[PDB]
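To keep things clear, I will list the structure first and then write my remarks on it.
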Amino acid sequence: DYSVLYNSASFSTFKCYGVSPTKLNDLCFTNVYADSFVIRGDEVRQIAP
Amino acid sequence: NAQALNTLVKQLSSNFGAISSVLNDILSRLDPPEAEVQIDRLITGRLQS
Amino acid sequence: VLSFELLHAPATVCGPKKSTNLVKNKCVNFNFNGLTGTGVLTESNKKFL
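Below is the structure:
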C-alpha cells in the first residue's frame, strides 16, 4: 500500500506512468521489482519512459 | 454470410491502435480522458468494420 | 522505481481490496483478479489443464 508511505517520508514526486496513482488499491500487483537509485536533482527529469 | 459474420465478430479482437482489443481493459486500467483517447480509436475501428 | 505487470500471472500480491462471496445463475457484475465484466455465472464441464 502507498497510503502508509506518506507518514514515513513526504514524497516530493509521486508520478505513475501507464497507470493512475489512485487505482493502485483497486487492482492486484504482479511481480513488483524494486529499482532504487540515487541521482542528482538535475537528472530526475530525464528518467521517463 | 458465415465468412462475413465470422470476420465482423473477429474484428472485435483487433486493437486499431488502442491499448487493448477489449474495452473493459481500458475502463479498468486508465482513467479520465487518457482512457477516452483509446476508446475513440476502438470506436473508429469497430465503426469502420 | 516500482515496476509491476498486470494480468500476466496468478494473484499473489494484490492490495487492501474487499473480496465478496461468489454468486451463481443471476445476471451480475464480476471482477476476477482484475477481469471486470458483466454476465451470468454457472458451473462448467470444461476440462481445463
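Residue numbers (the entry's author numbering), protein chains in the order written: chain X, 364 to 412; chain U, 955 to 1003; chain R, 512 to 560.
Ideal Cβ placement from N, Cα and C applies to all residues, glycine included.
Buried versus exposed call for residue i [16 or more other C-beta atoms within 10 Å across all chains shown]
i: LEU984 of chain U; result: buried
i: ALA397 of chain X; result: exposed
i: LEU996 of chain U; result: buried
i: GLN992 of chain U; result: buried
i: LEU390 of chain X; result: buried
i: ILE980 of chain U; result: buried
i: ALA972 of chain U; result: buried
i: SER982 of chain U; result: buried
Interface residues of chain R facing residue i [CB-CB closer than 7 angstroms]
i: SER1003 of chain U; result: Chain R residues near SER1003 of chain U: none, gap ~22 angstroms exceeds 7 angstroms.
i: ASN978 of chain U; result: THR547 and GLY548
Under 7 angstroms from the C-beta of residue i: neighbouring residues of chain U
i: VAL367 of chain X; result: By Cβ distance, chain U contributes nothing, its closest Cβ being about 22 angstroms from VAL367 of chain X, past 7 angstroms.
Within chain X, partners of residue i - CB distance below 8 angstroms
i: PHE515 of chain R; result: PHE392, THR393, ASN394, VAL395 and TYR396
DSSP-derived helix/strand/coil call for residue i
i: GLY550 of chain R; result: strand
i: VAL991 of chain U; result: helix
i: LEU513 of chain R; result: strand
i: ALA372 of chain X; result: coil
Straight-line Cα distance separating residue j from residue i
i: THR549 of chain R; j: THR385 of chain X; result: 23 angstroms
i: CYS538 of chain R; j: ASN556 of chain R; result: 20 angstroms
i: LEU959 of chain U; j: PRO521 of chain R; result: 34 angstroms
i: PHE559 of chain R; j: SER967 of chain U; result: 23 angstroms
i: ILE402 of chain X; j: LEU513 of chain R; result: 16 angstroms
i: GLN409 of chain X; j: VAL524 of chain R; result: 30 angstroms
i: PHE392 of chain X; j: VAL407 of chain X; result: 25 angstroms
i: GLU990 of chain U; j: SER371 of chain X; result: 36 angstroms
Residue i: contacting residues in chain X (beta-carbon distance under 7 angstroms)
i: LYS529 of chain R; result: Within 7 angstroms Cβ-Cβ: nothing; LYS529 of chain R doesn't reach chain X, min ~10 angstroms.
Contacts of residue i in chain X (Cβ-Cβ under 9 angstroms)
i: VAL512 of chain R; result: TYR396, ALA397, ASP398, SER399, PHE400 and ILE410
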